[PDB]
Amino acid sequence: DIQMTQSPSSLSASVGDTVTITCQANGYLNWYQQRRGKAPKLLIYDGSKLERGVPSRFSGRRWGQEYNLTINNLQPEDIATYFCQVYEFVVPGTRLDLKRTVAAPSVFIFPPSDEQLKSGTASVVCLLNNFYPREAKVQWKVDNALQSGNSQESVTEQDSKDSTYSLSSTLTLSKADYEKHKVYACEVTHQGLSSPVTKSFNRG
């Protein structure tokens, strides 16, 4: 009958900063850090007790029903997801990222390869490159028609140095339908861009 919640679940802060996250549970709470593709690392047990071989930046307040987790002097290694745990119960967590590298995406567009068209499949790829923040909007226009439902996009993790993202949207359709229209557009919407940047190409 043990219940627990999370705090903002996603926040961003600059290098060498102080960040806090809160859970509200009624039992022995622990804190973990997990980097993408790897196993969790214990940081704090019983709310306040710091695990050994772990930077003194980290700490936890054990007052009332809420549990704080604080991080001082934010290092580049500290960028990962964090979450709390009470007995067998665990919360999804909270992603982390830094700030103020406000950059426009380098938007490119790719036609399908000739080798691909032989197998009767056409994949059009639009690429966004190195930007911040991660919030963008991509829509496919085919002969000036909004394309919805037939698109799959993918996002990279925040790059270690330039602190930027990258998004790749792939429009996928039959060879017959590709050879049916001429102009394929990949319009881009970003808060950074003064105007939406549109890239296109004529088939041929």
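The first residue of the sequence shown is number 1, and the count goes up from there.
Look at the C-alpha B-factors of 185-193 and of 20-28. On average they run higher in 185-193. Relative to its counterpart among 37-45 and 170-178, 170-178 has the higher mean temperature factor, C-alpha atoms as listed in the PDB entry. Within the listed group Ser163, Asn68, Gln152, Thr156, the record reports its top CA B-factor for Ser163. Looking at the C-alpha B-factors along this chain, the one for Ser7 belongs to the highest third. Annotation for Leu98: CA B-factor lies in the highest third of the chain's modelled residues. In the deposited entry, the Cα temperature factor of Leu50 places it in the lowest third of its chain's modelled residues. In this PDB entry, the Cα temperature factor of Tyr82 sits in the bottom third of its chain's modelled residues, the lowest group. In the PDB entry, a CA B factor belonging to the middle third of its chain's modelled residues is recorded for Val107.
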